[PDB]
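As a starting point, one isolated chain is supplied in structure tokens, in the form deposited in one PDB entry.
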């Protein structure tokens, strides 16, 4: 007979199936297997603190009833329009800004009922998940994107869902994300929302993102360093050349001020301090201190002992400033590597 009408027979008014009643009512909890496939991952935004994913949610659960066992066909495909008839678990996302279904040509929803009573339900969804992130160490940060599936109004005694045994989370290859790189650990855990009403089920899949330092290393870090090196040539310039040294020193100060001012527009718009800010502030200190010594030495030589003292101060700061800059660099880089390692 026509396959669709057989389904009508199964879920129709004649037979006592009420879509509003959980399978195994007043009984053992319904177990739901969950499989997630990520088509596209991207659009991470630091300001609004959300990223966008397109996924293929796949729930598997067993229904005691709705087992026909008298048909040649081994499975039945329900029409996507009349999806109200089957009881579907109310699975939502705890950290959801907004999500909607797809209607490109037909509903991207597939439901298949096996002979024994297994139900396979697949839904293609696009989601704006909200993940808290921080930029304490902005060039070298490892953010974690948390995706959590939780029930709405059903307790542990009623509905339980957990991850599939193998291949629970899969990702289509070649994401080519603009800033971060998606790692392949994809660790899975459990959450149990303990509320006043009772325990609620939750499962959680998190993803690790590691930010690439290509543009960050080549721009900002390398030019600042070079400008500090060019700041130190004033030491090697003879003391008598007052216009040449004053002009060079102030111009280098202007140069770094322009570099920082230009780079902040590219940088994220946050209010707490970051690592790049510390680096820029330290470079401003180095250029500023190098100008100050020139004005601290020229005063000394106009008022032959003073000449000797001035040249001594020149040579001392000549070998002092690179070595102190090296000590700063070693400590700064070591500290950030240790802190990122601690994070991971």
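Numbering follows the first chain given and starts at 1. Here the rigid core means the biggest group of C-alpha atoms that line up within 1.5 Å when the two forms are laid on top of each other.
Unshown form deposited in another entry; subsequent notes refer to it.
No residue of 170, 263, 108, 85 other than 263 has its CA displaced by 2 Å or more between this form and the one not shown when the core is superposed. Once you line up the core between this form and the one not shown, the Cα of residue 219 ends up 2 Å or more from where it was. Comparing the forms between this form and the one not shown, the C-alpha position of residue 184 differs by less than 2 angstroms, with the core used for superposition.
Relative to the superposed rigid core, the position of the CA of residue 25 differs between this form and the one not shown by less than 2 Å.
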